[PDB]
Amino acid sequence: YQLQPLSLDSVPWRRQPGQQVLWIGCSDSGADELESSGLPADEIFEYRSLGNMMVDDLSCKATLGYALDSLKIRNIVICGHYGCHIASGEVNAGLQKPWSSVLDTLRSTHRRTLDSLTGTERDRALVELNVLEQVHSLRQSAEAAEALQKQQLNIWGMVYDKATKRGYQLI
């Protein structure tokens, strides 16, 4: 994967005005992430959750179902963010399963990548890896797979950097 700086005026989830985009972000983003979306506020249908994850739960399934079935959304963005306290470090006791299992699996699957980095750079890699795995996982969902095979859905990953005040697409 590579990180491509977004140009606000040419984001792949806004090829035309006036549509809604399902924006999946993290509860501790704590800054101006939507100012890097390339979308006006009225085009954003926002689901903001622990770790910008979609897990096997009623909320994640109903939100996706409402977006595709009621709003006819054709674009989903999973936005992670540098400095995340949830997709960080090696443990957090107050984070329940399956969120904690997703991060355990990231850390074990990508151990050699993570072990090659230190401290803040490692946490930045874990943010990026979480976005990539959430995008891949969401495409394998039955509801997304059907819409993808009909060419009625795209799922995009990006990471927001509150220090550079920019978003970066995962390509």
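Quick note: we count residues from 1 along the sequence shown, nothing fancier.
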Comparing mean C-alpha B factor in the record for 140-148 and 41-49, the higher one is 140-148
Between 116-124 and 131-139, the record assigns the higher mean Cα B factor to 116-124
Hey, what third does residue 57 fall into on Cα B-factor, ranked over its chain?
highest
The third of the chain into which the C-alpha temperature factor of residue 95 falls is the highest
Modelled-residue ranking by C-alpha temperature factor, third containing residue 154
lowest
